[PDB]
Amino acid sequence: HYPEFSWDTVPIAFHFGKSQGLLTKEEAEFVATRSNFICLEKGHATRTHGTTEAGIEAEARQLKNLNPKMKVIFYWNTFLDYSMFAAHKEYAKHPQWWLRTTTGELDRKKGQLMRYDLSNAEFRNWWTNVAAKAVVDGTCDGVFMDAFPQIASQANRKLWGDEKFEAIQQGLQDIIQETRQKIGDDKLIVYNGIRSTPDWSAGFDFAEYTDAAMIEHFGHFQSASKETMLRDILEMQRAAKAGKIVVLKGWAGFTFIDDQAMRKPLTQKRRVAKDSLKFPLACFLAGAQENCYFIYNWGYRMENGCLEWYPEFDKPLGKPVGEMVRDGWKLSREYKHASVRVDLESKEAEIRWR
Amino acid sequence: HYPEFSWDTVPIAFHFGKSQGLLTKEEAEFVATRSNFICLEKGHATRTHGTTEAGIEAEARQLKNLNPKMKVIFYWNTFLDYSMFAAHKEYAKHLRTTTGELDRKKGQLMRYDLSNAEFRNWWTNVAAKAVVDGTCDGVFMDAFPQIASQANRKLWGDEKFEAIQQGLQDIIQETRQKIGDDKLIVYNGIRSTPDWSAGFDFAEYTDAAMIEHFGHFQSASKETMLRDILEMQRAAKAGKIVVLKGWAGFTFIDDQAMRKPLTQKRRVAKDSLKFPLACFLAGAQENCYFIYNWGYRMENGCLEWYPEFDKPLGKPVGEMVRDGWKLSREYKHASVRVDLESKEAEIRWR
């Protein structure tokens, strides 16, 4: 029930939202002819369709009409009560569920966004019904469960108490199982995700229930050291070899959280994105197996480079002819039509195409 | 390093030559006040300046003195050994087919061996003399569909053909290296035909592509016109320049049409503008340029003007909308509709 995967060219997935409306026909064709795997973000097409659920459903139909093999993934945050969903008004009707801290204040991110009590079974029941409405009744093929590291953050202990924290971690396991129970075996569960930092690293997890994990921070944020980059690549290799989907999120030399980089004119962003592609692309191809996908851009809104294309993505790749080879911080991989080399320490990389 | 672009009116570029001499005061001012983007063709001003290089250099200085924003592009054929260049005698001082006959287009013009690196270094040196040492702002690299034509496998063999294809990629890369990142590389081009199509290519190095045959030659079908428009839109959204070469109801190759009087030529040119102009506006994005005439010599309609090119246009306020062969587009001061099947067109100026 995985997306149809191919080595003909670099395997590419999409993950973004266009808030101002559906993809144009030209945008939908551009996307649908270039990938079999897309998650549509919170807010997608809300300006014209009112709710994310409505926008995503109409978009899922458009894309699959163009590419019937496309797997369209419903973005549904596991932890946060985002306002641009019809579901938000239903959650507002259940104040008995609302998470509170040890002092009684409502637990809200940046003081505005409520965080879910995953230990509450009624909530979990409602939350999984939202997902199953999108993927069973609707036209999506799976769900993207965001925010696992936010749930597991030790900082939440100061807010909840240790006992409620353990209850909420248990509730994360519960809500994944119940998600699977409700959407069936033919549907995809994607979650965020694999993460490598100096103090804490999460590998592919909950494997009895989940199908795909994103490596959202590859090469950036707290995951920019050679040690954490190597761990992300090795975990992709290990997880994919064991039959899972892995989506590696590359960043085009900067991210949407870098205020100075985001202030730069579009021409400068494109120069940076072109110069910055080779290294994360070589890292991805060094460790990539079947069912591994690359994403490369600087954010999750359509305009954050998400519809950019690069000639590297059209070049013949072909099946891997040998396993990844590692010597110290240096990695290399042979494909039928390309050779890859990358040094995690110096950030030096080389891709030799046929 | 792009030409300065505006939506105030239809964005216009020029692409022609005047072999009898430089533009006159009036002709120079006409072009300089109406566009920031011109390619000067082979032969320009050769009668009085001897070579295309010297004629284009003198013209580039004249036009830029009138409009300092003017980007002037040097015509340098990527494949063909034209005689009205000083560089022709250097080529003469230094490509074989399988039968040994000299490879000459229509028996006259030699064709270049892009595999040979000595040639490539010379060729790019000629481009660099014109744009780095000289006053031009970039180079127009013609003839890419000729180079790629599969029929050349018959003339050269599969091995040499693929050497030449690689050579084209090498010459483009070597051009950019020698002229720098602040100069423009224009090439011909995007082409859509029923059996063979090329979109924007070599985007690592090139800035601009011409759609030379829009609506005409082998690209007159609704299928190929739509391909051209869609590729303009994609490439310009990707950050490239696109030059759409419209034809004024006929072309310089149609003998009978070319033998008609100017008054009839102008009548047909006026009647034929709305359709190709609406196709361009339907898909146009930033850094898209329209050209409208019946050829590449100054006198082939190239300094004709139309009120449509003075009308307020304004920024696009919506995306191209396509239903079947029908396109529409909303600008701040005009609504566009065109039907590629019936060739009906409306430009509702406001």
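All residue numbers start from 1 on each chain and follow the order of its written sequence rather than the entry's numbering, and residues without coordinates are excluded. Written order determines the labels here, with chains lettered from A and ligands numbered from 1. Excluded from the side-chain calculation are hydrogens and water; included are all heavy atoms of the structure. Residues with missing side-chain atoms are left out of burial classes, side-chain pairs and their counts.

Chain B goes by Glycoside-hydrolase family GH114 TIM-barrel domain-containing protein in the PDB entry, where it is assigned to Planctomycetes bacterium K23_9.

Chain A appears in the PDB entry as Glycoside-hydrolase family GH114 TIM-barrel domain-containing protein from Planctomycetes bacterium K23_9.

A.B. asks: Pulling in residues and values, what's your account of the overall build of chain A?
C.D. replies: Secondary structure elements are defined from DSSP: runs of H or I of at least 4 residues count as helices, runs of E of at least 2 residues count as strands, and each element is numbered from the N terminus. Along chain A, the regular secondary structure elements total 12 helices and 15 strands. What you see for chain A is a C-alpha radius of gyration of 20 Å, in line with the 20 Å of a compact globule of 354 residues. A separation of at least 24 residues holds for 68% of the contacts in chain A among residues at least 6 apart in sequence. Radius of gyration: over C-alpha atoms. The globule rule applied is 2.2 Å multiplied by the number of residues raised to the 0.38 power. We call two residues in contact whenever any of their non-hydrogen atoms come within 4.5 Å of each other.

A.B. asks: Please give an account of the overall build of chain B that cites residues and values.
C.D. replies: The helix and strand inventory of chain B stands at 11 helices and 15 strands. Computed over the C-alpha atoms, the radius of gyration of chain B is 20 Å, within 12% of the 20 Å expected from 2.2 N^0.38 for a compact globule of 350 residues. Along the first, second and third principal axes, the C-alpha atoms of chain B reach 60 × 45 × 45 Å.

A.B. asks: Which residues make up helix α12 (residues 278-287) of chain A, and what values do they have?
C.D. replies: A large share of α12 of chain A lies buried, amounting to 9 of its 10 residues. Buried means the residue's accessible area, taken with a 1.4 Å probe over protein chains only, is under 20% of the maximum for its type, while exposed means over 50%, and partly exposed covers the values in between. Buried residues of α12 of chain A: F279, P280, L281, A282, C283, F284, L285, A286 and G287 of chain A, and no others.

A.B. asks: I'd like a description of the interface of chain A and chain B, backed by residues and values.
C.D. replies: Contact residues are listed per partner, giving 6 residues for chain A and 9 residues for chain B. The term salt bridge refers to a side-chain nitrogen of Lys or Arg lying within 4 Å of a carboxyl oxygen of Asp or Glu. Counting every contact that joins chain A to chain B gives 2 salt bridges. Counting of polar contacts relies on pairs of N or O atoms within 3.5 Å, with two restrictions inside protein: one atom must be capable of donating a hydrogen and the other of accepting it, and residues adjacent in sequence are counted only when both atoms are side-chain atoms. On the surface where chain A and chain B come into contact, there are 4 residue pairs in polar contact. For the side of chain A that touches chain B, the element with the highest residue contribution is helix α1 (residues 25-32) of chain A, accounting for 3 residues. Note on residue categories: nonpolar means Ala, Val, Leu, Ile, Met, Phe, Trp, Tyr, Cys or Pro, charged means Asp, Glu, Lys or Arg, and polar means any other residue, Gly included. When grouped by side-chain class, the residues that make up the side of chain A that touches chain B number 1 nonpolar, 1 polar and 4 charged.

A.B. asks: Describe in detail the sheet that holds strand β14 (residues 334-339) of chain B, supporting the description with residues and values.
C.D. replies: Residue and element names in this part refer to chain B. In this scheme, strands are said to pair when DSSP sees at least two bridges between them. One open sheet accounts for 4 strands, arranged β12-β13-β14-β15; its pairing is antiparallel. Sheet topology places β12 (321-323) and β15 (344-349) at the edges, where each strand pairs with a single neighbour. If you compare each strand with its neighbour and ignore which way they point, the axes differ by 10° on average. Across 5 bridges, the pairing between strand β13 (residues 326-330) and β14 is antiparallel. Bridging across to β14, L327 finds its partner in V338. Between N-to-C directions, angles span 0 to 180 degrees; the directions come from axes that are lines fitted to C-alpha atoms, helices contributing only their stretch in contact.

A.B. asks: Before we move on, could you go through the sheet that holds strand β15 (residues 349-353) of chain A and cite the residues and values that matter?
C.D. replies: Residues and elements named next belong to chain A. Overall, antiparallel pairing links the 4 strands, which are arranged β12-β13-β14-β15 in an open sheet. Two strands bound the open sheet, and with one partner strand each, they are β12 (325-327) and β15. Across the sheet, the axes of successive neighbouring strands diverge by a mean angle of 10°, strand direction being ignored. Direction of pairing for strand β14 (residues 338-343) relative to β15: antiparallel, over a ladder of 5 bridges. Note that in β15 the partner of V340 across the bridge is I351. Against the sheet, α12 touches β13 (330-334), β14 and β15, its axis set at about 110° to β14.

A.B. asks: Requested: an account of the packing of helix α8 (residues 222-237) of chain B against helix α11 (residues 274-283) of chain B, with residues and values cited.
C.D. replies: Residues and elements named next belong to chain B. As a packed pair, α8 and α11 sit with axes 8 Å apart at the nearest point and diverge in direction by 40°. Viewed along their axes, α8 and α11 adopt a mutual orientation that is oblique. In terms of crossing hand, the pair formed by α8 and α11 is right-handed. Residues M225, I229, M232 and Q233 of α8 touch α11, and the partners they reach there are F275, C279, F280 and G283. For the contact of α8 with α11, the class distribution of residues is 6 nonpolar, 2 polar and no charged. Each angle gets one of four labels, with under 35 degrees taken as roughly parallel, over 145 as roughly antiparallel, 65 to 115 as roughly perpendicular, and the rest as oblique. Note on convention: the crossing is left-handed when the near helix lies turned anticlockwise from the far helix by less than a right angle, right-handed when the turn is clockwise.

A.B. asks: Describe the pattern of salt bridges, with residues and values.
C.D. replies: Here the structure, examined in full by the defined rule, presents 42 salt bridges over all chains. Its salt-bridge partner being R115 of chain A, residue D107 of chain A comes within 2.7 Å of it at the nearest N-O pair. When sorted by exposure, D107 of chain A lands in the same class as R115 of chain A, which is buried. In this structure, the salt-bridge partner of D117 of chain A is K164 of chain A, at a minimum N-O distance of 2.6 Å. With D117 of chain A in the loop between β5 (113-114) and α5 (121-137) and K164 of chain A in helix α8 (residues 162-183), the pair connects residues that are 47 residues apart, well separated along the chain. Overlapping salt bridges bring together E26 and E29 of chain A together with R322 of chain B as one network.

A.B. asks: Tell me about the pairing of strand β7 (residues 184-192) of chain B, residues and numbers included.
C.D. replies: Every regular strand shows the same layout, with side chains that alternate between the two sheet faces. Residues and elements named next belong to chain B. In terms of burial, β7 is a largely internal element, 9 of the 9 residues being buried. Bridge analysis of strand β6 (residues 138-142) against β7 gives 4 bridges, and the strand direction is parallel. Of the residues in β7, the one forming a bridge with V139 is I185. One ladder, built from 4 bridges, connects β7 with strand β9 (residues 208-211); its direction is parallel. Note on β9: the bridge partner recorded for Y187 is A209. Relative to strand β8 (residues 197-198), β7 is paired through 2 bridges, and the arrangement is antiparallel. Across the sheet, the residue bridging to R191 is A198, located in β8. Adjacent in sequence and paired antiparallel, β7 and β8 are bridged by 4 residues.

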